[PDB]
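See structure below.
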Amino acid sequence: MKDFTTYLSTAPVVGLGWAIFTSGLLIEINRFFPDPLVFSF
Amino acid sequence: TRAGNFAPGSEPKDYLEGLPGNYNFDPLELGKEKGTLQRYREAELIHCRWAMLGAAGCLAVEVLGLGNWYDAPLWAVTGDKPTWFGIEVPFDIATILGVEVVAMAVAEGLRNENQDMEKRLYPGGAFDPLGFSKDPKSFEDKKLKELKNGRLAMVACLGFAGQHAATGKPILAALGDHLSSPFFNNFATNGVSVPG
Amino acid sequence: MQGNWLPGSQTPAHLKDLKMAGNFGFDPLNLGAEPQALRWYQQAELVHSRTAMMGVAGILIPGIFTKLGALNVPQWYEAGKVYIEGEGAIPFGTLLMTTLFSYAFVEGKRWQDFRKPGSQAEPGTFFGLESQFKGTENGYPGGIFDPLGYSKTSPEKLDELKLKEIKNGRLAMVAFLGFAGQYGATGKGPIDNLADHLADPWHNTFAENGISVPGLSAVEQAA
Amino acid sequence: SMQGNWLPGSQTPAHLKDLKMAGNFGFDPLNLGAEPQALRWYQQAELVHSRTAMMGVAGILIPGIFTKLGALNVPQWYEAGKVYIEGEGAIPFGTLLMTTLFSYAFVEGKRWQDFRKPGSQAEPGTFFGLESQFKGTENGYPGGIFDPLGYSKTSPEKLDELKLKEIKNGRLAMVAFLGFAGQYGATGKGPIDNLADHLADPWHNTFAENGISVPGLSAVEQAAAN
Amino acid sequence: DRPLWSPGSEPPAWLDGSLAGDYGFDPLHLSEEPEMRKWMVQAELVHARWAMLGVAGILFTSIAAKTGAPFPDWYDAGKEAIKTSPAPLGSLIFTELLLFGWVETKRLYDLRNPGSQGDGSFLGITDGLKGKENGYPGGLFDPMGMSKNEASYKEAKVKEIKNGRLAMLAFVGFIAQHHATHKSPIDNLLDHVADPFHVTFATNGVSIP
Amino acid sequence: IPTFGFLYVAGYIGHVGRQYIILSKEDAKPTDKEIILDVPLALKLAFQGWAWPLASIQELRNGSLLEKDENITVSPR
Ligand code: CLA
Ligand code: CLA
Ligand SMILES: CC(/C=C/C=C(C)/C=C/[C@@]12O[C@]1(C)C[C@@H](O)CC2(C)C)=C\C=C\C=C(C)\C=C\C=C(C)\C=C\[C@@]12O[C@]1(C)C[C@@H](O)CC2(C)C
Ligand SMILES: CC(/C=C/C=C(C)/C=C/[C@@]12O[C@]1(C)C[C@@H](O)CC2(C)C)=C\C=C\C=C(C)\C=C\C=C(C)\C=C\[C@@]12O[C@]1(C)C[C@@H](O)CC2(C)C
């Protein structure tokens, strides 16, 4: 597991994990909530 | 000096020997340290004394036929004259609450600055004007009696709360129900105390 | 050791030199290799047998009196509904609450005595009468449970009494299992089934009824 | 020293282990109080956030409690600004905000200059001769005229007990005010009405039941009901 | 020296047989690091215990439904439970979330530092709430049990992990043949006993096109 | 309000990048740490960056945020 998780920790996988996390977060915000323009609570 | 066993053949604990009301009851090693044990003893004493006060308040209001204990604080909702022993005290609800909070705040303030572990259980002196505690045998006997009557007062107060949660009838009506129809009307026939 | 559950079978090593009434080497799964497990399972089998002995007594003797016509008592499988529907009926919730509370009080004493044998004789516990509640042997408390005094005899009579008790208890347990199976299969009481087997032995058979062995009736109609 | 722990089993920061503090529980996972007088500045920030939160919460509950008892007709805290301003004895909002800002700047200017140099406000002939008692004996604990009853000139073991009682009731009122704004934001009612609703009906009156705090959870309830 | 998951296989080096139910089945090389080995042991134990609890509850409810008592199916039981439950949805899940978060970070920081909660921080108990083994606590959670004896404790550990794995298999079987048959597991069992030669996983239409 | 909303997250990323750069530089062959990320320290710093402006202000006053140009590579003009 150590030998594989060392590869898992390199930049291309980090280039996915942050990308998947932030992308999916923005998809769920734009999905459950409609498209707004004003931050009036 | 054990007063009995809560279970016949119970495993004896190494801490419940020199305490009043000792039955080795503690099943889950609560208060294993002495510093927590003394605080737990003091807190159990305070709950038992307040339970005696509550049981007396809920019983003298009913053996004298002056109303129900749950119906007593309803005067703050409807807004009529409060009544204690048929005297009709004219104090406002805000006034009695405001004097109550400061009065027992000062009372528990003088209770809290004791700094003596033995003084946090039984004060003596000014709180013991009649003074039947001069001899140690009667002192230990009365300690045991106080703790036992307080424990049953505590479970009686919790029974009052549960019984009023289930049925609207008071303690005396519940006693009449058990004396009239014990098998046909009890806690099992409510349907809200137990499911099904 | 006396007899054998299966003559010629290999005996487990934990029952060869065991001193216990009714030991026949019946443990192919070796569930009682541990001595504490053996003690717990002995107590469990003892209480199961005792409750089954009351069960088959209350099933058979009122059934025999019904067959003789002395009493109008009903069958065991429908006795619950005819008591629930009666006018002097304690409610079912109250009944099982009372039963659970009383038997929990009994079985707490039983468990606390099983943990430490003879530890229930601590003075000033059960209002002074607990001094005879000490256990002489695991599963056999004695005391007020034997007031007439047949257990205060020679030991060679006592193990025979234990053997008779455990044998009639196992007979009662398998009889209650048979009662449940016969009610689930035929829908009648043990007295009716016994009368039918005595009158018509071949026609009143478990193989004739299709509940016990499904698919056997289709073979009979095919033949 | 160390008393209690905010999270048993968690790794305590090195700057919080042997530190003599009021109400220290090791609660600094972000290591913001690593530097020493940086923690002194944030100690004063915690003390001064809590002290105005104590007065703010007491100004919300005690008038709110007396409103429930019917002694006073004091309105709720969220609408109290519009109640006073629309009244016929109202100081204008611009005058009130300027007076509050001017008075606090003078007060917090003395508090600030006390922090940079401790005891610097005790210079003679500055505050008309009464500044001799304006010397802070401890950072965030000035004393002097602020303790006229002599309730701090006691045994040292009672002083940190009072300091621990101050920070504990201070933090408790401080999360209370966040609850007060959140409960007005979600339910639109005062804390007294919210407390009575939870006491009389606990299950149906919950922040999870209200859809404002947790959006979309009411749709889960509606989908499960259908 | 031990019965493996496949006879003649090579057991992993990190699986030396010192764990409960250590049959040496690990082709994906998980739990290789000792910290993750402990985390996998904890996760297997808690998933196993919850699988057994859920399977036992499902079986009890289905048996009670089959005997004539009014009980729901193992599926959509909560859907018809909430409409009669005094506790509504939302508050119930959040209450259980807060309480289980308390218990689970308590046991989590016990897993990170063994004996961390045995200092009396929680209501002044020291012997209780202290982990005896990797995924096995002590004090309050062993009221009468025989974990004091080492051999009986090891046998109970093996029995617990084997029953847990059997319960995981039971739960996946439950969801699979519920999606296959839309009936209770006890109903499926009675159908299998009634007609074993025809009623099976093959003649249900779905899952065999 | 979106101005301060973005700046909070923008300062969040800048702060956690700075702390990771500082932490990795006090380690043997720090160039490998940029291409071989470590998860527990980066995730710990990711969840310890909520108070980024509070860490930024205290480092600004005391010189840990900035660096005097006597150890800074400067152009030879
Ligand atoms: C039957 C499976 C089983 C087994 C063999 C064990 C065995 C063990 N567990 Mg474990 N446990 C289980 C299930 C089980 N557990 C479940 C489901 C939970 C979640 C509630 C736990 C929670 C748990 C904790 C929190 C701890 C243990 C500990 C222990 C050890 C104590 C030894 C002991 O007392 O024996 C246990 C003996 C049994 C459990 C047998 C009793 C089985 C009963 C009779 C089944 C009937 C009840 C059931 C609800 C009815 C089903 C009805 C159905 C037919 C419809 C031992 C390794 C302790 C430990 O390791 O400390 C060192 C410890 O701290 N376990
Ligand atoms: C977090 C690390 C970090 C930090 C604190 C800075 C800070 C700075 N950069 Mg630099 N930059 C970075 C990474 C970083 N940069 C990277 C990775 C690149 C390559 C794409 C650049 C390319 C770059 C250029 C070309 C310029 C700057 C400039 C600047 C300054 C303006 C502020 C700004 O937003 O620039 C804007 C920065 C960007 C547009 C780069 C965005 C790239 C992402 C956001 C960085 C990702 C870093 C990563 C998440 C950190 C790892 C986290 C850790 C937990 C693992 C400021 C001194 C400007 C300058 O000189 O001003 C004086 C300038 O002209 N930067
Ligand atoms: C203080 C108290 C009663 C107070 C009563 C008051 C103020 C009464 C006042 C009024 O009524 C009047 C007169 C009239 C009404 O019109 C108005 C009110 C105001 C209502 C009861 C405490 C009552 C307290 C109770 C019942 C406590 C029960 C605790 C249990 C069962 C715990 C069991 C344990 O076993 C565990 C689980 C773990 C083991 O280690 C050990 C332990 C800790 C023992
Ligand atoms: C099967 C399972 C996991 C299986 C994993 C496998 C085979 C993995 C295999 C490998 O990893 C190994 C071993 C080694 C690696 O080298 C290689 C691979 C190949 C990767 C988990 C089940 C896990 C199953 C669990 C935890 C079940 C829990 C059930 C609960 C809680 C029930 C709750 C209920 O709510 C319901 C659902 C409905 C209501 O009607 C009733 C109640 C009771 C309310």
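Each reported figure results from applying straightforward, stated rules to the coordinates on display, with no laboratory input. Here the Cβ positions follow ideal geometry from the backbone for every residue, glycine too, while neighbour counts run over all protein chains shown.
Kindly indicate the residue of the stretch E:146-155 that is outside any loop (DSSP other than H, G, I, E, B) and at the interface with another protein chain (Cβ under 9 Å from one of its Cβ atoms) and also farthest from ligand 1 (Cβ to nearest atom) among those meeting that condition.
E:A151
With E:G135, E:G120, E:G173, E:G115 as the choices, which residue is more than 16 Å from ligand 2 (Cβ to nearest atom), farther than 23 Å from E:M36 by Cα and part of a loop (DSSP other than H, G, I, E, B)?
On the way: E:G135 fails: farther than 23 Å from E:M36 by Cα; E:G173 fails: part of a loop (DSSP other than H, G, I, E, B); E:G115 fails: farther than 23 Å from E:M36 by Cα.
Going through E:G135, E:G120, E:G173, E:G115 in turn, just one is more than 16 Å from ligand 2 (Cβ to nearest atom), farther than 23 Å from E:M36 by Cα and part of a loop (DSSP other than H, G, I, E, B): E:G120.
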Review point. For D:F66, all conditions in the list (1) away from chain B (no Cβ under 14 Å); (2) among the aromatic types (F, W, Y); (3) out of contact with any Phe, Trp or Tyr (no Cβ under 6 Å at 6 or more places or on another chain) hold save one; what is the number of the exception?
Key: (1)
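Report whether or not B:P8 is within 23 Å of C:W111 (Cβ to Cβ), more than 16 Å from ligand 2 (Cβ to nearest atom) and not in a helix (DSSP H, G or I). It would help to see each step written out before you state the result.
Details: within 23 Å of C:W111 (Cβ to Cβ): yes; more than 16 Å from ligand 2 (Cβ to nearest atom): yes; not in a helix (DSSP H, G or I): yes.
Answer is yes for this residue.
Take B:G31 and tell me if it is more than 14 Å from ligand 3 (Cβ to nearest atom) and in contact with a helix residue (DSSP H, G or I) (Cβ under 7 Å, 6 or more places away or on another chain).
Details: more than 14 Å from ligand 3 (Cβ to nearest atom): no; in contact with a helix residue (DSSP H, G or I) (Cβ under 7 Å, 6 or more places away or on another chain): yes.
Taking the combined requirement at face value, the residue does not satisfy it.
Would you please name the residue that is nearest to the other protein chains (Cβ to nearest Cβ), looking only at residues in the stretch C:17-44 that are in a helix (DSSP H, G or I) and touching a residue at least 40 places away in the same chain (Cβ under 8 Å)? Please lay out each step first, then the result.
Step one: list which residues in the stretch C:17-44 are in a helix (DSSP H, G or I), which gives C:35-44.
Filter once more, so that each one left must be touching a residue at least 40 places away in the same chain (Cβ under 8 Å): C:39-40, C:42-43.
Working: C:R39: 12, C:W40: 10, C:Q42: 16, C:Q43: 14 Å.
Among them, the one singled out is C:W40.
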Check your understanding: Between a first residue in the stretch B:38-54 that is farther than 18 Å from B:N112 by Cα and without any contact (Cβ under 8 Å) to a residue 12 or more places away in the chain and a second residue that is within 8 Å of ligand 3 (Cβ to nearest atom) and part of a helix (DSSP H, G or I), which pairs have beta carbons less than 9 Å apart while being 6 or more apart in sequence or on different chains?
Key -> B:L53/B:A153
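Within the stretch C:101-126, how many residues are of a type in the set (A, V, I, L, M, F, W, C) and either over 24 Å from the mean Cα position of the chain (by Cα) or surrounded by 15 or more Cβ atoms within 10 Å (Cβ to Cβ) (or both)? So that I can check it myself, show each step before the final result.
First, the residues of the stretch C:101-126 that are of a type in the set (A, V, I, L, M, F, W, C): C:101, C:104-106, C:111, C:114, C:121, C:126.
Narrowing the set further to residues that are either over 24 Å from the mean Cα position of the chain (by Cα) or surrounded by 15 or more Cβ atoms within 10 Å (Cβ to Cβ) (or both) leaves C:114, C:121, C:126.
Summing the residues that are of a type in the set (A, V, I, L, M, F, W, C) and either over 24 Å from the mean Cα position of the chain (by Cα) or surrounded by 15 or more Cβ atoms within 10 Å (Cβ to Cβ) (or both) in the stretch C:101-126 gives 3.
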Revision key, fill the gap. Contact list, first residue from the stretch F:2-28 and away from chain A (no Cβ under 14 Å) and within 12 Å of F:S56 (Cα to Cα), second anywhere and of a type in the set (F, W, Y) and within 16 Å of ligand 1 (Cβ to nearest atom), beta-carbon distance below 8 Å, six or more apart or interchain, is none
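For the stretch E:127-145, indicate whether the set of residues that are more than 15 Å from ligand 1 (Cβ to nearest atom) and of a type in the set (F, W, Y) is non-empty. Break it down into steps so the answer makes sense when it comes.
We begin by selecting, within the stretch E:127-145, every residue more than 15 Å from ligand 1 (Cβ to nearest atom); these are none.
No: the stretch E:127-145 contains no residue that is more than 15 Å from ligand 1 (Cβ to nearest atom) and of a type in the set (F, W, Y).
In the set B:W69, B:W50, B:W84, which member is of a type in the set (A, V, I, L, M, F, W, C), under 17 Å from the mean Cα position of the chain (by Cα) and assigned to a loop (DSSP other than H, G, I, E, B)?
Working: B:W50 fails: assigned to a loop (DSSP other than H, G, I, E, B); B:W84 fails: under 17 Å from the mean Cα position of the chain (by Cα).
Criteria check complete, one pass: B:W69.
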Check your understanding: Among the residues of the stretch B:179-196, which ones are loosely packed, with under 13 Cβ neighbours inside 10 Å and either within 23 Å of the chain's Cα centre (by Cα) or in a helix (DSSP H, G or I) (or both)?
Key -> B:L179, B:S180
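I'd like the full set of residues that are part of a loop (DSSP other than H, G, I, E, B), buried (at least 17 other Cβ atoms within 10 Å of the Cβ) and more than 9 Å from ligand 4 (Cβ to nearest atom), limited to the stretch E:25-68.
The answer is E:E32, and nothing else.
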Study note, to complete from the structure: Residue hits (the stretch C:149-208; without any contact (Cβ under 8 Å) to a residue 40 or more places away in the chain, hydrophobic (A, V, I, L, M, F, W, C) and within 19 Å of C:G58 (Cα to Cα)) are C:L171, C:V174, C:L177, C:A180, C:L194
Review point. Which one of D:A71, D:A45, D:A90 is small (G, A, S) and closer than 30 Å to D:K158 by Cα?
Key: D:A45
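Looking at the stretch B:141-148, is at least one residue touching a residue at least 12 places away in the same chain (Cβ under 8 Å), aliphatic (A, V, I, L, M) and surrounded by 10 or more Cβ atoms within 10 Å (Cβ to Cβ)?
Kept after step one, since they are touching a residue at least 12 places away in the same chain (Cβ under 8 Å), are these residues of the stretch B:141-148: B:143-144, B:146-148.
From what is left, the residues that are aliphatic (A, V, I, L, M) are B:144, B:147.
With surrounded by 10 or more Cβ atoms within 10 Å (Cβ to Cβ) added as a condition, the list becomes B:144, B:147.
Yes: the stretch B:141-148 contains one or more residues that are touching a residue at least 12 places away in the same chain (Cβ under 8 Å), aliphatic (A, V, I, L, M) and surrounded by 10 or more Cβ atoms within 10 Å (Cβ to Cβ).
I'm checking my understanding of the structure. Among residues of the stretch B:64-76 that are free of Cβ contacts under 8 Å to residues at least 60 places away in the same chain and more than 7 Å from ligand 3 (Cβ to nearest atom), which one is nearest to the other protein chains (Cβ to nearest Cβ)? First the steps, then the outcome.
We begin by selecting, within the stretch B:64-76, every residue free of Cβ contacts under 8 Å to residues at least 60 places away in the same chain; these are B:64-67, B:71-76.
Subset that is more than 7 Å from ligand 3 (Cβ to nearest atom): B:64-67, B:71, B:74-76.
Working: B:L64: 28, B:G65: 29, B:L66: 24, B:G67: 21, B:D71: 16, B:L74: 14, B:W75: 12, B:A76: 7 Å.
That would be B:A76.
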Point to revise | Checklist (1) crowded, with 17+ Cβ neighbours inside 10 Å; (2) more than 9 Å from ligand 1 (Cβ to nearest atom); (3) away from every other protein chain (no Cβ under 14 Å) applied to E:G8, failing item | key: (1)
Check your understanding: Can you find even one residue in the stretch E:75-93 that is surrounded by 14 or more Cβ atoms within 10 Å (Cβ to Cβ), more than 30 Å from B:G191 (Cβ to Cβ) and either more than 8 Å from chain D (Cβ to nearest Cβ) or not small (G, A, S) (or both)?
Key -> no
Review point. Failed condition for B:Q115, given (1) surrounded by 15 or more Cβ atoms within 10 Å (Cβ to Cβ); (2) assigned to a loop (DSSP other than H, G, I, E, B); (3) more than 22 Å from the chain's Cα centre (by Cα); (4) away from ligand 3 (no atom under 16 Å from the Cβ), with all others met?
Key: (1)
Check your understanding: Which residue pairs have Cβ atoms closer than 9 Å, lie 6 or more positions apart in sequence or on different chains, and pair a first residue in the stretch C:105-116 that is more than 8 Å from chain B (Cβ to nearest Cβ) with a second residue that is outside any loop (DSSP other than H, G, I, E, B) and not charged (D, E, K, R)?
Key -> C:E107/C:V47; C:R110/C:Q43; C:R110/C:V47; C:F114/C:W40; C:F114/C:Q43
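Do we have D:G136 as of a type outside the set (S, T, N, Q) and touching a residue at least 60 places away in the same chain (Cβ under 8 Å) here? Break it down stepwise before answering.
Numbers: of a type outside the set (S, T, N, Q): yes; touching a residue at least 60 places away in the same chain (Cβ under 8 Å): no.
No, not satisfied.
Could you tell me whether the stretch F:26-35 includes any residue that is more than 16 Å from ligand 1 (Cβ to nearest atom) and touching a strand residue (DSSP E or B) at 6+ places or on another chain (Cβ under 7 Å)?
In the first step, residues of the stretch F:26-35 are kept if they are more than 16 Å from ligand 1 (Cβ to nearest atom); the result is F:26-35.
This time we only want the ones that are touching a strand residue (DSSP E or B) at 6+ places or on another chain (Cβ under 7 Å), so: F:35.
Checked against the condition, which is being more than 16 Å from ligand 1 (Cβ to nearest atom) and touching a strand residue (DSSP E or B) at 6+ places or on another chain (Cβ under 7 Å), the stretch F:26-35 yields at least one hit.
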Check your understanding: B:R2: within 23 Å of B:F127 (Cβ to Cβ), away from ligand 4 (no atom under 16 Å from the Cβ) and among the basic types (K, R), yes or no?
Key -> no
Exercise for review: Tell me, please, whether a residue that is among the aliphatic types (A, V, I, L, M), closer than 23 Å to C:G139 by Cα and more than 14 Å from chain B (Cβ to nearest Cβ) can be found in the stretch C:71-86.
Suggested key: no
Exercise for review: Taking only the stretch C:209-223 into account, find how many residues are in contact (Cβ under 8 Å) with a residue 12 or more places away in the chain and at positive phi.
Suggested key: 0
